[PDB]
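The first residue of the sequence shown is numbered 1, and numbering continues consecutively from there. Counting starts at 1 for both ligands and their atoms, following the listed order.
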Amino acid sequence: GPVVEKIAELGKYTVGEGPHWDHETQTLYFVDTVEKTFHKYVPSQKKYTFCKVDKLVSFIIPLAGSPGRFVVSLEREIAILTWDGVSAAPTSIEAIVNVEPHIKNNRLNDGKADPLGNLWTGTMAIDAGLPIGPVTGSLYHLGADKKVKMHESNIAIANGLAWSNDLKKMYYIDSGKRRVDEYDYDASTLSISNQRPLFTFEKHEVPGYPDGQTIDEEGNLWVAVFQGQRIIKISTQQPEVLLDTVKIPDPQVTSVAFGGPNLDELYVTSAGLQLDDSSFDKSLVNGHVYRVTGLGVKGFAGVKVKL
Ligand SMILES: [Hg+2]
Ligand SMILES: [Hg+2]
Ligand SMILES: [Mg+2]
């Protein structure tokens with residue numbers, strides 16, 4: 001039995017999201033995708049800080065080679081933020097590229113570096129809905145030439161990403177599809193192909209929607225279940241295998257990242273935003289951050305964006 005601990009020091013988030021563990025500094029970064037804020041937590045020293053901007057944000061990833069610089073999303077722009085990690089505002093903002101300059105009602109959502117340091121991220125309608133709503137999103141990667149490439153389209157809610165330990169597969173979540181997809185990934189050309197469902201929620205009586213995900217060193221996926229009050233562990237060796245379920249007190253679990261000095265603590269974000277048609281009463285929906293220990297696996301440190 002794992003132990004789930006609420007991290008009291010951190011408070012409650014409207015939509016806590018995009019956790020990233022920087023192993024060199026033993027620091028957890030994450031966002032609130034509605035409150036327009038970035039967050040830094042240093043567990044060993046019990047230090048917490050935040051930063052404010054005036055656009056919607058969805059990820060924050062340290063830039064390789066440049067301490068104090070971070071690649072972030074600002075609505076539809078991918079930008080570099082220079083930040084001292086403690087002041088309430090960045091020192092400077094440099095825009096890299098607007099991925100969808102003429103689609104005014106879209107925003108970036110989940111994003112992550114692949115193991116080579118390429119940023120992958122997807123867009124969605126700002127007013128996307130569950131279970132049905134506008135489907136306007138696409139999946140991109142950003143090349144070290146600051147030019148974007150599109151890999152998938154017709155995405156409702158661009159969400160969790162992960163890659164296999166051998167760089168042969170990519171895993172991807174469009175929350176609106178209520179499944180986890182797998183793709184063949186060609187690291188040489190950064191092309192994906194052969195889209196196939198890996199895990200379908202309806203086949204296993206799993207409530208809610210897949211949101212963020214990460215992979216452990218045994219190659220298993222850990223998937224946050226928004227409106228399922230849980231994280232699930234699924235196999236990548238064989239389709240449609242549910243390995244384990246860990247209940248999280250917050251119903252709107254949003255994402256996951258391994259961290260801690262041995263990479264065997266799982267940090268879990270959630271959302272306190274109370275939605276129309278929730279399966280959960282308001283008193284339950286808080287938006288805390290959790291630490292899960294005793295899972296018996298390790299994960300990997302967060303990869304920096306090379307850019
Ligand atoms: Hg910040
Ligand atoms: Hg910041
Ligand atoms: Mg998400």
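Distance check for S255 against the Mg ion (ligand 3): none of its N/O/S atoms falls below 2.8 Å.
The atom of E17 nearest to the Mg ion (ligand 3) is OE2, with the search restricted to N, O or S atoms. Of all N/O/S atoms in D211, OD1 sits nearest the Mg ion (ligand 3).
For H151 and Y183, the ring centers are positioned 6.0 Å apart or more. Ring to ring, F30 and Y267 are not that close: their centroids are 6.0 angstrom or more apart.
For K12, the NZ atom sits in a loose shell: 12 or fewer heavy atoms of surrounding residues, nucleotides or ligands are nearer than 6.0 Å.
With 3.5 Å as the limit, one finds no donor-acceptor pair spanning the side chains of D186 and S191.
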